Amino acid sequence: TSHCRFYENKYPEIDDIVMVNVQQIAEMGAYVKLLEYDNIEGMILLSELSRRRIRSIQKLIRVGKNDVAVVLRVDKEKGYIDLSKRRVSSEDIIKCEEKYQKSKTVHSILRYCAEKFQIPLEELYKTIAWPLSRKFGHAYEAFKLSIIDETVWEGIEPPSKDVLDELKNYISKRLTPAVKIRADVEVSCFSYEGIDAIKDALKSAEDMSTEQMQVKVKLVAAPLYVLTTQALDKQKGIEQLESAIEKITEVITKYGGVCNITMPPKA
Amino acid sequence: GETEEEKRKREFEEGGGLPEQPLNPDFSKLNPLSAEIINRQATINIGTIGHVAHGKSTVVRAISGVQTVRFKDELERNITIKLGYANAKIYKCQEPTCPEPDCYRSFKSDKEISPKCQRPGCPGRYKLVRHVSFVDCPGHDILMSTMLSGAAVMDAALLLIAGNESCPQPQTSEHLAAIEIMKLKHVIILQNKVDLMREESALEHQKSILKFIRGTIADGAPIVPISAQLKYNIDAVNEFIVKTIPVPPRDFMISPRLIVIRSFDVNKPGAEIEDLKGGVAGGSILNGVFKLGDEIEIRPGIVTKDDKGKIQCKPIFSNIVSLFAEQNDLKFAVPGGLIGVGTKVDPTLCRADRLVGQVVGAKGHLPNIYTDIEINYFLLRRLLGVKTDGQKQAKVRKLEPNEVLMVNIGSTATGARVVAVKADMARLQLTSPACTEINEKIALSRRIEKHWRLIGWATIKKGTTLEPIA
Amino acid sequence: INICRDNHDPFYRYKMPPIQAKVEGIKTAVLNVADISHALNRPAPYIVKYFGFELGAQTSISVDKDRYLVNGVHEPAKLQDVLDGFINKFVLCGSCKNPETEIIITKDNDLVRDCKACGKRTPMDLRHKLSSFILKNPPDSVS
Amino acid sequence: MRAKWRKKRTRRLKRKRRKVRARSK
RNA sequence: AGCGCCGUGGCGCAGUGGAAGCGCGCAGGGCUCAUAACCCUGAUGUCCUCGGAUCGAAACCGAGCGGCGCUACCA
Ligand SMILES: Nc1nc2c(ncn2[C@@H]2O[C@H](COP(=O)(O)OP(=O)(O)CP(=O)(O)O)[C@@H](O)[C@H]2O)c(=O)[nH]1
Ligand SMILES: [Mg+2]
Ligand SMILES: [Zn+2]
């Protein structure tokens, strides 16, 4: 069951930017629900809606799908929202869809957990999502850090530990991201012996592979040797491949041949 | 109840198989027809020449059965740049009761010493008279240096002409004249297209061909009507090859050498490189008895330019890891056959058309690179390969100072600049390296109508040698 | 596939593919303008706007996304003939009639046909609207 | 009509015939 | 021989973790005495073939098919 607004409180603040799905139009416009903040209803007057001319009303309203939203005035005493679709720009739309995805993913994971446990989903956001959004600024980034670091769940009080286990398993199953760094080096040697030099250099390159990062010097051609590594954090692969580059240059600068680089390490 | 594969294995075993070459035999007694040599290498090189879009490789695949790759997506259909290599074994059958013309049988490189007689009712076994290699030269107007290199490595020739097309095909004339330039008078004329032909049309084309070859150097060349697609008149060409073409003098007294025309990097992709091979250079030994594990150096080799602009050549020494000929890895190589010299050479060095027309010498000999060479040149009266629509085939003009000319010494495709032109000698400067071994027949081509045009022949007389940097 | 001309029947020469038209509501999208453009060393806008010049109707041009809409009911023959007028007036040079000539501006704003085989600077018909069109967008540098 | 544009068109046609003369002479 | 891309309703792009998407198409209706513009409403589909993960996978992954952009003819 979908409830327990993703953000902190029930009533949207002033000038906060949200995302609304059209639900019902009488004459004045889109008095509809929010999908980023609380699901409380809010007015959307038609003049607050259209930048172009108002030609196709039905093609424009698009009931059943989310759209941008800027809040202008809030009812904080009985509950209503003054919300608009005119105070937006494209670069604003970008962060709008960003926040849309950010809230959707956390709602999906915690809705799965609350559906499986039959534990009221508001208790899930109380016990889990809100402390993570306090520590780390957003529960999505907190889940991403949980995938690498277990410490995020310390100091936080489970409603039951099986909740922790199921959440860990599901975030590991769906939020699994490790990026491949590949480089390309031309052997341009015109010399006497390079094949044995290639043996030495590639043995040295593959021995540098760590237990968590196995660099594999694969063959795709005679000059072009390719270098692939699975960067686990995406900061050490560049220096690993730089070490391999130093190795290849140092090997071939003495036998008499020449080697040159085309593609440095890039994710 | 036996599979075809089990069968083939059985009559391969019963045929004597493919025996391994001995490690160290008596070389003073070996001939190119010893059973030790014929089973695992080709001693006669045969070239194929013809007009463009004719099907030279098709006759080769009809004779042997090994395809010529025809690679590079674009070149899968139009024309290929490198040569075409295929191996054929000339099997005669020892029973004289069967007719002579169908006695001869050409088979692939994988055939046995004595496989059964395919003619229904003959219990004889084939005896291999000789294993021969086939070089499919290009047949286009731009590719000319590779053709002339193939002719230089050719020992026998096969001219191909089509019937219903126009009689005077000038590409064929250029091929035959180039073959005449490089001292080859063993040519077999082949009429490719006979099936779509009338009885009188074939006779008229034959008369035209005979009239064509009256004033050239070659006089007594046979003509054979063969069908490339119908796969017939195969035995006739083989018996003609056996009869008319003898063995050019190539014995073991002459010093060992190599002339590389093609290069082959050995970098099988997808697998780990901890199991890798060397690099193969496709070269012909026109003279020399090369074995496994010998020192060799590529004479023109590494080409570099210094800050002053001077051309420096570093001869590429290398240890031979292996020699590949015929089908099996062989211990010692027989001159008169293309061989893949697989060496510790760099993978890039043999990648592209890089070892195309270069000269290689074993340790124990010093071929000399030259920078300026004095040539003795002779030239024809009209260019060949120019279809004049009824007007006096273009008469060739005398050479001029400071002209770029494509000079093919042996196999090297070099662009020379003219320093002096005389009545019968000339002086050439090479911005690209060339080396002089003994005589090394040369061909000359000019830029007259956009693309390259052969003009005449030449021989090296003098030259300014460049001492290699150790 | 055309031999790049209309009243010209060789077997050997430079090639052009025919152009066609699909319907939109109405305006015809022409599929084969970029390929002919590359076969004539002349940008697609020159093709489309010349077709319009000899035609006399509203047109839409968008080179980034391949939707070249020319408005009107034009059977294949009519637009292939207008493009034939293009190639004869523009693409082919004087002496040999080379189907690859570029459009070049010297220090003077003399828009000129320039060839490769004969290589002359064919005196261009600046007295046409496509001349002003081409001079508006310098070739391969403002497109 | 707009005799403005007709006069301008006549001037332009005269200009074009003059430049054709200029190339031709 | 290997890696990066893709898998349409008639076409171009897209979100691929709530299950067929819009523009442009089209059949039909609305408006106008009339046509267009416009307004609207509807019809086609096995996000490729088969599994894992999941309440559920066109979708996250995979055990492969079909096609593409490089290495480069790689004994
Ligand atoms: N009618 C006929 N066609 C043949 C015959 N042999 C080959 N062809 C056809 O020639 C066409 C091209 O063959 P191909 O071997 O690739 O030509 P090529 O000799 O390599 C080109 P180049 O002469 O420049 O080297 C093929 O389609 C083949 O069917 C033949 O005997 N008769
Ligand atoms: Mg060939
Ligand atoms: Zn011209």
# chains A, B, ... in the order shown; residues from 1 in each chain; ligands from 1
$ residues_near_ligand --ligand "ligand 3" --cutoff "10 Å" --atoms "only C-alpha atoms (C1' of nucleotides) and all ligand atoms" --output "list in words"
residues 91, 92, 93, 94, 95, 96, 97, 98, 99, 100, 101, 102, 113, 114, 115, 116, 117, 118, 119, 120, 121, 122 and 123 of chain C
$ residues_near_ligand --ligand "ligand 1" --cutoff "7 Å" --atoms "only C-alpha atoms (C1' of nucleotides) and all ligand atoms" --output "ChimeraX atom specification"
/B:50-59,77-79,137-140,192-193,227-229
$ write_last_selection --atoms "C-alpha atoms" --output "mmCIF file, in the first residue's frame"
data_model
loop_
_atom_site.group_PDB
_atom_site.id
_atom_site.type_symbol
_atom_site.label_atom_id
_atom_site.label_comp_id
_atom_site.auth_asym_id
_atom_site.auth_seq_id
_atom_site.Cartn_x
_atom_site.Cartn_y
_atom_site.Cartn_z
ATOM 1 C CA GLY B 50 44.400 -13.206 -67.405
ATOM 2 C CA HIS B 51 42.046 -10.299 -67.974
ATOM 3 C CA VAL B 52 40.079 -8.708 -65.146
ATOM 4 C CA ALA B 53 36.804 -10.357 -64.075
ATOM 5 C CA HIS B 54 37.862 -13.628 -65.718
ATOM 6 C CA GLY B 55 38.100 -16.174 -62.914
ATOM 7 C CA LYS B 56 41.790 -17.036 -62.553
ATOM 8 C CA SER B 57 41.258 -18.261 -58.985
ATOM 9 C CA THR B 58 38.363 -20.429 -60.176
ATOM 10 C CA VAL B 59 40.665 -22.482 -62.406
ATOM 11 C CA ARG B 77 34.151 -9.528 -54.923
ATOM 12 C CA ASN B 78 36.141 -6.991 -56.956
ATOM 13 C CA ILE B 79 39.901 -7.714 -56.767
ATOM 14 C CA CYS B 137 48.462 -12.770 -59.648
ATOM 15 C CA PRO B 138 46.054 -9.815 -59.755
ATOM 16 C CA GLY B 139 44.301 -8.980 -63.004
ATOM 17 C CA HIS B 140 43.537 -5.257 -62.750
ATOM 18 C CA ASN B 192 38.475 -20.530 -70.090
ATOM 19 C CA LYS B 193 35.076 -20.215 -71.794
ATOM 20 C CA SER B 227 36.253 -25.159 -67.899
ATOM 21 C CA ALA B 228 36.631 -23.429 -64.531
ATOM 22 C CA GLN B 229 33.068 -24.105 -63.327
#
$ residues_around --residues "residue B:246" --least-positions-apart "2" --cutoff "10 Å" --atoms "only C-alpha atoms (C1' of nucleotides)" --output "list in words"
residues 44, 155, 156, 186, 241, 242, 243, 244, 248 and 249 of chain B
$ closest_residue --among "A:141, A:67, A:193, A:200" --to "residue A:19" --atoms "only C-alpha atoms"
A:67
$ atom_distance --atom1 "atom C1' of residue E:73" --atom2 "atom CA of residue B:265"
9.5 Å
$ closest_residue --among "B:135, B:234, B:443, B:406" --to "ligand 2" --atoms "only C-alpha atoms and all ligand atoms"
B:135
$ interface_residues --of "chain E" --to "chain A" --cutoff "10 Å" --atoms "only C-alpha atoms (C1' of nucleotides)" --output "list in words"
residues 1, 2, 3, 17, 18, 38, 39, 40, 53, 54, 55, 60, 61, 71, 72 and 74 of chain E
$ select_by_dssp --residues "stretch 22-128 of chain C" --states "alpha helix (DSSP H)" --output "PyMOL selection string"
chain C and resi 33-39+44-55+76-86
$ interface_residues --of "chain E" --to "chain C" --cutoff "10 Å" --atoms "only C-alpha atoms (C1' of nucleotides)" --output "PyMOL selection string"
chain E and resi 12+24-26
$ interface_residues --of "chain C" --to "chain D" --cutoff "12 Å" --atoms "only C-alpha atoms" --output "VMD selection string"
chain C and resid 122 to 128
$ interface_residues --of "chain B" --to "chain A" --cutoff "7 Å" --atoms "only C-alpha atoms" --output "NGL selection string"
:B and (265 or 267 or 269-274 or 278 or 302 or 316-318 or 344-349 or 351)
$ write_last_selection --atoms "N, CA, C and O atoms" --output "PDB file, in the first residue's frame"
ATOM      1  N   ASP B 265      51.041 -11.736 -39.541  1.00  0.00           N
ATOM      2  CA  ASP B 265      51.104 -11.688 -38.089  1.00  0.00           C
ATOM      3  C   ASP B 265      50.364 -12.891 -37.520  1.00  0.00           C
ATOM      4  O   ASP B 265      49.355 -13.323 -38.084  1.00  0.00           O
ATOM      5  N   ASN B 267      48.512 -13.676 -34.313  1.00  0.00           N
ATOM      6  CA  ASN B 267      47.952 -13.063 -33.110  1.00  0.00           C
ATOM      7  C   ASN B 267      46.502 -13.512 -32.947  1.00  0.00           C
ATOM      8  O   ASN B 267      45.597 -12.679 -32.930  1.00  0.00           O
ATOM      9  N   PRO B 269      43.070 -13.944 -32.084  1.00  0.00           N
ATOM     10  CA  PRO B 269      42.412 -13.081 -31.097  1.00  0.00           C
ATOM     11  C   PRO B 269      41.446 -13.848 -30.209  1.00  0.00           C
ATOM     12  O   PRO B 269      41.049 -14.979 -30.493  1.00  0.00           O
ATOM     13  N   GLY B 270      41.064 -13.198 -29.118  1.00  0.00           N
ATOM     14  CA  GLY B 270      40.100 -13.767 -28.178  1.00  0.00           C
ATOM     15  C   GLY B 270      40.670 -14.621 -27.069  1.00  0.00           C
ATOM     16  O   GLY B 270      40.102 -14.677 -25.976  1.00  0.00           O
ATOM     17  N   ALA B 271      41.788 -15.293 -27.325  1.00  0.00           N
ATOM     18  CA  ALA B 271      42.409 -16.123 -26.303  1.00  0.00           C
ATOM     19  C   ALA B 271      43.497 -15.347 -25.571  1.00  0.00           C
ATOM     20  O   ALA B 271      43.972 -14.311 -26.044  1.00  0.00           O
ATOM     21  N   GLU B 272      43.885 -15.854 -24.403  1.00  0.00           N
ATOM     22  CA  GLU B 272      44.962 -15.232 -23.645  1.00  0.00           C
ATOM     23  C   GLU B 272      46.266 -15.293 -24.430  1.00  0.00           C
ATOM     24  O   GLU B 272      46.504 -16.226 -25.202  1.00  0.00           O
ATOM     25  N   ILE B 273      47.112 -14.282 -24.230  1.00  0.00           N
ATOM     26  CA  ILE B 273      48.319 -14.165 -25.041  1.00  0.00           C
ATOM     27  C   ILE B 273      49.457 -14.969 -24.422  1.00  0.00           C
ATOM     28  O   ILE B 273      50.502 -15.169 -25.051  1.00  0.00           O
ATOM     29  N   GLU B 274      49.263 -15.483 -23.201  1.00  0.00           N
ATOM     30  CA  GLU B 274      50.276 -16.344 -22.597  1.00  0.00           C
ATOM     31  C   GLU B 274      50.537 -17.576 -23.451  1.00  0.00           C
ATOM     32  O   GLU B 274      51.585 -18.217 -23.317  1.00  0.00           O
ATOM     33  N   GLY B 278      54.633 -16.515 -33.051  1.00  0.00           N
ATOM     34  CA  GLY B 278      55.470 -15.459 -33.583  1.00  0.00           C
ATOM     35  C   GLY B 278      54.785 -14.657 -34.675  1.00  0.00           C
ATOM     36  O   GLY B 278      53.602 -14.319 -34.609  1.00  0.00           O
ATOM     37  N   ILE B 302      63.997  -2.001 -41.152  1.00  0.00           N
ATOM     38  CA  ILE B 302      63.481  -0.808 -40.491  1.00  0.00           C
ATOM     39  C   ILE B 302      63.881   0.403 -41.323  1.00  0.00           C
ATOM     40  O   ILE B 302      65.065   0.617 -41.592  1.00  0.00           O
ATOM     41  N   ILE B 316      66.688  -6.039 -40.275  1.00  0.00           N
ATOM     42  CA  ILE B 316      65.948  -6.705 -39.210  1.00  0.00           C
ATOM     43  C   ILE B 316      66.446  -8.136 -39.066  1.00  0.00           C
ATOM     44  O   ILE B 316      65.948  -9.052 -39.730  1.00  0.00           O
ATOM     45  N   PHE B 317      67.445  -8.328 -38.209  1.00  0.00           N
ATOM     46  CA  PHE B 317      67.881  -9.665 -37.835  1.00  0.00           C
ATOM     47  C   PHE B 317      66.771 -10.376 -37.075  1.00  0.00           C
ATOM     48  O   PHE B 317      65.967  -9.740 -36.389  1.00  0.00           O
ATOM     49  N   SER B 318      66.723 -11.697 -37.208  1.00  0.00           N
ATOM     50  CA  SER B 318      65.703 -12.476 -36.526  1.00  0.00           C
ATOM     51  C   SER B 318      66.099 -13.943 -36.530  1.00  0.00           C
ATOM     52  O   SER B 318      66.780 -14.411 -37.447  1.00  0.00           O
ATOM     53  N   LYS B 344      60.555 -14.714 -34.667  1.00  0.00           N
ATOM     54  CA  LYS B 344      60.293 -13.927 -33.468  1.00  0.00           C
ATOM     55  C   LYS B 344      60.013 -12.463 -33.776  1.00  0.00           C
ATOM     56  O   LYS B 344      59.910 -11.651 -32.850  1.00  0.00           O
ATOM     57  N   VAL B 345      59.905 -12.124 -35.060  1.00  0.00           N
ATOM     58  CA  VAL B 345      59.608 -10.766 -35.491  1.00  0.00           C
ATOM     59  C   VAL B 345      58.325 -10.246 -34.847  1.00  0.00           C
ATOM     60  O   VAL B 345      57.391 -11.003 -34.542  1.00  0.00           O
ATOM     61  N   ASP B 346      58.300  -8.933 -34.620  1.00  0.00           N
ATOM     62  CA  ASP B 346      57.220  -8.152 -34.034  1.00  0.00           C
ATOM     63  C   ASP B 346      55.879  -8.475 -34.678  1.00  0.00           C
ATOM     64  O   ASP B 346      55.817  -8.771 -35.878  1.00  0.00           O
ATOM     65  N   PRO B 347      54.784  -8.433 -33.913  1.00  0.00           N
ATOM     66  CA  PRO B 347      53.459  -8.660 -34.506  1.00  0.00           C
ATOM     67  C   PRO B 347      53.040  -7.581 -35.489  1.00  0.00           C
ATOM     68  O   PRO B 347      52.440  -7.908 -36.521  1.00  0.00           O
ATOM     69  N   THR B 348      53.330  -6.313 -35.204  1.00  0.00           N
ATOM     70  CA  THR B 348      53.011  -5.223 -36.114  1.00  0.00           C
ATOM     71  C   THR B 348      53.835  -5.261 -37.392  1.00  0.00           C
ATOM     72  O   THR B 348      53.332  -4.866 -38.451  1.00  0.00           O
ATOM     73  N   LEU B 349      55.081  -5.732 -37.316  1.00  0.00           N
ATOM     74  CA  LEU B 349      55.974  -5.723 -38.469  1.00  0.00           C
ATOM     75  C   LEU B 349      55.403  -6.514 -39.638  1.00  0.00           C
ATOM     76  O   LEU B 349      55.664  -6.176 -40.797  1.00  0.00           O
ATOM     77  N   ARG B 351      52.021  -7.042 -39.989  1.00  0.00           N
ATOM     78  CA  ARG B 351      50.576  -6.825 -39.916  1.00  0.00           C
ATOM     79  C   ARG B 351      49.975  -6.545 -41.290  1.00  0.00           C
ATOM     80  O   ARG B 351      49.170  -7.328 -41.801  1.00  0.00           O
TER      81      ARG B 351
END
$ select_by_dssp --residues "chain C" --states "strand (DSSP E)" --output "list in words"
residues 22, 23, 24, 27, 28, 29, 59, 60, 69, 70, 71, 102, 103, 104, 105, 111, 112, 113, 114, 121 and 122 of chain C
$ write_last_selection --atoms "N, CA and C atoms" --output "mmCIF file, in the first residue's frame"
data_model
loop_
_atom_site.group_PDB
_atom_site.id
_atom_site.type_symbol
_atom_site.label_atom_id
_atom_site.label_comp_id
_atom_site.auth_asym_id
_atom_site.auth_seq_id
_atom_site.Cartn_x
_atom_site.Cartn_y
_atom_site.Cartn_z
ATOM 1 N N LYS C 22 7.515 10.093 -50.196
ATOM 2 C CA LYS C 22 6.445 9.541 -49.380
ATOM 3 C C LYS C 22 5.539 10.677 -48.922
ATOM 4 N N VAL C 23 4.328 10.332 -48.493
ATOM 5 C CA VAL C 23 3.269 11.308 -48.258
ATOM 6 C C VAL C 23 3.187 11.654 -46.776
ATOM 7 N N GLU C 24 2.874 12.921 -46.490
ATOM 8 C CA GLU C 24 2.583 13.412 -45.147
ATOM 9 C C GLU C 24 1.305 14.238 -45.222
ATOM 10 N N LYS C 27 2.588 16.870 -47.894
ATOM 11 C CA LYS C 27 3.972 17.185 -48.223
ATOM 12 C C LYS C 27 4.767 15.892 -48.325
ATOM 13 N N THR C 28 5.592 15.787 -49.363
ATOM 14 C CA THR C 28 6.325 14.561 -49.638
ATOM 15 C C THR C 28 7.710 14.630 -49.011
ATOM 16 N N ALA C 29 8.028 13.623 -48.208
ATOM 17 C CA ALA C 29 9.381 13.444 -47.702
ATOM 18 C C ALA C 29 10.214 12.694 -48.734
ATOM 19 N N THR C 59 8.170 24.905 -48.576
ATOM 20 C CA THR C 59 8.989 23.725 -48.343
ATOM 21 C C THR C 59 9.526 23.752 -46.920
ATOM 22 N N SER C 60 9.904 22.571 -46.436
ATOM 23 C CA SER C 60 10.515 22.408 -45.123
ATOM 24 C C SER C 60 11.838 21.679 -45.299
ATOM 25 N N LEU C 69 10.789 17.586 -46.372
ATOM 26 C CA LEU C 69 9.412 17.683 -46.834
ATOM 27 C C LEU C 69 9.291 18.800 -47.858
ATOM 28 N N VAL C 70 8.807 18.451 -49.045
ATOM 29 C CA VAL C 70 8.503 19.410 -50.100
ATOM 30 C C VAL C 70 7.011 19.312 -50.384
ATOM 31 N N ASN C 71 6.327 20.451 -50.361
ATOM 32 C CA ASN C 71 4.872 20.466 -50.428
ATOM 33 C C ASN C 71 4.390 20.478 -51.873
ATOM 34 N N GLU C 102 32.258 20.970 -57.150
ATOM 35 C CA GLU C 102 31.984 21.672 -55.910
ATOM 36 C C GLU C 102 31.581 23.107 -56.219
ATOM 37 N N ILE C 103 31.040 23.782 -55.211
ATOM 38 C CA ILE C 103 30.627 25.174 -55.323
ATOM 39 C C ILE C 103 31.558 25.988 -54.435
ATOM 40 N N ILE C 104 32.318 26.905 -55.030
ATOM 41 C CA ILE C 104 33.408 27.562 -54.319
ATOM 42 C C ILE C 104 33.297 29.076 -54.462
ATOM 43 N N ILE C 105 33.703 29.775 -53.404
ATOM 44 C CA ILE C 105 33.724 31.231 -53.344
ATOM 45 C C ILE C 105 35.184 31.662 -53.303
ATOM 46 N N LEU C 111 30.367 32.906 -56.568
ATOM 47 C CA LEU C 111 29.986 31.506 -56.452
ATOM 48 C C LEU C 111 30.276 30.854 -57.797
ATOM 49 N N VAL C 112 31.067 29.781 -57.807
ATOM 50 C CA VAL C 112 31.535 29.192 -59.057
ATOM 51 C C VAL C 112 31.501 27.673 -58.967
ATOM 52 N N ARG C 113 31.098 27.039 -60.069
ATOM 53 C CA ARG C 113 31.316 25.611 -60.265
ATOM 54 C C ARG C 113 32.806 25.333 -60.426
ATOM 55 N N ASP C 114 33.337 24.401 -59.638
ATOM 56 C CA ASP C 114 34.726 23.982 -59.776
ATOM 57 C C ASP C 114 34.782 22.468 -59.925
ATOM 58 N N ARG C 121 36.968 26.579 -63.485
ATOM 59 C CA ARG C 121 36.013 27.296 -62.653
ATOM 60 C C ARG C 121 34.897 27.760 -63.584
ATOM 61 N N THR C 122 33.924 26.879 -63.799
ATOM 62 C CA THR C 122 32.867 27.118 -64.772
ATOM 63 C C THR C 122 32.085 28.372 -64.403
#
$ residues_around --residues "stretch 235-239 of chain A" --least-positions-apart "6" --cutoff "7 Å" --atoms "only C-alpha atoms (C1' of nucleotides)" --output "tab-separated table (two decimals) with N, CA, C and O atoms, in the first residue's frame"
chain	number	residue	atom	x	y	z
A	181	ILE	N	37.08	-0.37	-17.16
A	181	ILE	CA	38.06	0.54	-17.73
A	181	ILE	C	38.81	-0.20	-18.82
A	181	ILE	O	39.37	-1.28	-18.58
A	229	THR	N	39.86	-3.87	-17.28
A	229	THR	CA	39.85	-4.07	-15.83
A	229	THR	C	38.47	-3.70	-15.30
A	229	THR	O	37.79	-2.83	-15.86
A	265	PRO	N	43.51	4.77	-20.04
A	265	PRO	CA	42.41	4.14	-19.29
A	265	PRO	C	41.22	5.07	-19.07
A	265	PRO	O	41.36	6.16	-18.50
$ residues_around --residues "residue C:32" --least-positions-apart "3" --cutoff "12 Å" --atoms "only C-alpha atoms (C1' of nucleotides)" --output "list in words"
residues 1, 16, 17, 18, 19, 20, 21, 22, 29, 35, 36, 37, 38, 39, 44, 47, 48, 66, 67, 68, 69, 79, 80 and 83 of chain C
$ decode --residues "chain D" --atoms "C-alpha atoms" --output "CSV table (one decimal), in the first residue's frame"
chain,number,residue,atom,x,y,z
D,1,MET,CA,0.2,45.1,-58.7
D,2,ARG,CA,3.0,47.1,-57.1
D,3,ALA,CA,4.8,49.2,-59.7
D,4,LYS,CA,7.5,49.5,-57.1
D,5,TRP,CA,8.4,45.9,-57.6
D,6,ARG,CA,7.9,45.9,-61.4
D,7,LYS,CA,10.4,48.8,-61.8
D,8,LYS,CA,12.8,47.0,-59.4
D,9,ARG,CA,12.4,43.8,-61.4
D,10,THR,CA,13.1,45.6,-64.7
D,11,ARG,CA,16.2,47.2,-63.1
D,12,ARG,CA,17.4,43.7,-61.9
D,13,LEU,CA,16.8,42.1,-65.3
D,14,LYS,CA,18.8,45.0,-66.9
D,15,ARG,CA,21.6,44.4,-64.3
D,16,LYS,CA,21.7,40.7,-65.2
D,17,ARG,CA,21.8,41.3,-68.9
D,18,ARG,CA,24.5,43.9,-68.3
D,19,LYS,CA,26.6,41.4,-66.3
D,20,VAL,CA,26.0,38.7,-69.0
D,21,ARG,CA,27.4,41.3,-71.4
D,22,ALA,CA,30.3,41.9,-69.0
D,23,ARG,CA,31.3,38.2,-68.9
D,24,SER,CA,30.6,37.8,-72.7
D,25,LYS,CA,32.6,40.9,-73.9
